[PDB]
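Note that the chains are named A, B, C, D and E in the order they appear, and that numbering of residues resets to 1 at the start of each chain.
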């Protein structure tokens, strides 16, 4: 798998108090991050089936 | 060792399946609902909430029923279309499965629940009660 | 808008059909 | 600022006025009754208590309706003919106050209440429900 | 009252068998 499939990380996890849409009695939070993944040369692995 | 929790968080019938029962909530400062199923139902039954007022003909019997204006939470993305406050049990709830709910802000002295339109024949199975937890006097 | 917590009551045990692969070697 | 008191002390319809209802109590560890009137009454009502056990069918259908026995306190000192702890709702009670009964010793998983003989007619105007205290899942 | 004691002269032995994990048809 060191060459069969790859993962890509773009920007790590961020959390934040979403300013606006929040009163002096209510607080709203928003978070996210960016990642993905693809297959390399998939001729480097066997998948056993029935 | 079951203590007498009759006093100190009493309970009353809200909906038996045939008729409503307006219940006073004056003496208490907090309260909540309880739902129970008696048989598998066909649709996600809906219910309308109403609050009464002390009728000026007699300040002991409640007055008419008014629809209560639910206030949405800060991130209530989907809020009531025009049915200011209401509830809807999800479909595919079985017996021996109690359900819990409450409204955030009251506006009267009596609370009542009715089977909302189109869900009556399926509401003839669900039972609803109310629990109050205040003394205030 | 009213929530609907359930944490339902009664509990039905499962049963299980644990396999332990059957006995054979034949192929034809 | 009413909390989610649906969970954390729920409740379930017990005696509606027409038919009793076995309620699971295995679930929790402390429970109690709340009696209520709906109109004027007549000669004081009497209610017998019954307990159920897991039927050999559904390992969750309250079994038969067996009667819970009576246990005295330090000075209960007052004993019915048999044991079989029952209750008597005294008349001259208005639909503005409630009664809080609770049996100290339990046995089984389904409590039930039944209108004792010579009271059913007067018990038709009675609404009884039960609420628990613990969670003990 | 009558403090019965109830104790025997004879006694047979505890005639008992021994099950052992028997014939394994080995599931089919």
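Things worth noting here:
Keep in mind that, in the parts below, a contact is a pair of C-beta atoms (placed from the backbone, for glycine too) under 8 Å apart; a residue touches a chain by one contact, two chains touch by 3 or more.
Chain-to-protein mapping (UniProt): B, D = Virion-associated protein.
For the interfaces B-C and C-D, the C-beta contact count is higher for B-C. Taking each chain's centre as the mean of its C-alpha atoms, the one that lies farthest from the centre of chain B (Virion-associated protein) is E.
Distance between chain centres (mean CA atoms), chain A to chain E: 67 Å. In this assembly, the C-alpha centroid of chain D (Virion-associated protein) lies 49 Å from the C-alpha centroid of chain E. Between the CA-based centres of chain A and chain B (Virion-associated protein) the separation comes to 42 Å, rounded to the whole angstrom.
For the pair chain A and chain C, the distance between mean C-alpha positions equals 32 Å.
The multi-chain contact residues of chain B (Virion-associated protein), meaning those touching 2 or more other chains, are 33, 73, 96, 98-103. Residue numbers of chain E whose C-beta contacts span two or more other chains: none are found. Listed for chain A are no residues, as none touches two or more other chains.
Of all possible chain pairs, those that touch are A-B, B-C, B-D, C-D, C-E.
Looking at the complex, you find that chain C touches chain D (Virion-associated protein) at residues 3, 5, 7, 9-10, 12-13. If you check the complex, the residues on chain B (Virion-associated protein) that touch chain D (Virion-associated protein) are 1-7, 9-13, 16, 21, 29-34, 36, 60, 96, 98-104, 106, 127, 129-131, 133. Residues of chain B (Virion-associated protein) touching chain A in their complex: 73-75.
Residue ranges on chain E touching chain C, taken from their complex, read 26-28. Those residues of chain B (Virion-associated protein) that touch chain C in the shared complex are 33, 35, 49, 70, 72-73, 76, 78-80, 85-87, 89-90, 93-94, 96-103.
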